[PDB]
């Protein structure tokens, strides 16, 4: 579909400005474009997970910061999440699956990509392992 202008601006603020810790994107009612549904500066990973619709899909961008060690500080990588819970309607999964690339191709700067179908696939530990290793 079309990527709302607002969605790009929000990605750039997070990317160059650290303005938000994470952003939740979704399709509008008209299913014509990808808009931002929520933004947050809340650093707790649990506040992120509590916002993933148990029976629906969405796209998410999270600024994951972790310790690159050797007493060397932290590192931060932008993770793109595709959230398609096993319990979401086949109709939802279908439309999110095909519109994904429209959004994913427009966001320059993403390090990792995570496909989430259940909550354990998006736990702090699974994502840490994926950005670390």
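Numbering follows the first chain given and starts at 1.
Colleague: Can you let me know which of the two, 85-93 or 50-58, has the higher average C-alpha B-factor in the entry?
Modeller: The stretch with the larger average C-alpha B-factor is 85-93.
Colleague: Can you tell me which stretch has the higher mean Cα B-factor, 63-71 or 41-49?
Modeller: Looking at the recorded C-alpha B-factors, 63-71 comes out higher on average.
Colleague: Is residue 35 in the lowest, middle or highest third of its chain when residues are ranked by C-alpha B-factor?
Modeller: It belongs to the lowest third of the chain when residues are ordered by C-alpha B-factor.
Colleague: What third of its chain's C-alpha B-factors does residue 78 belong to: lowest, middle or highest?
Modeller: Tercile = lowest for this residue's CA B-factor.
Colleague: Among the modelled residues of its chain, does the C-alpha B-factor of residue 115 lie in the lowest, middle or highest third?
Modeller: Highest third.
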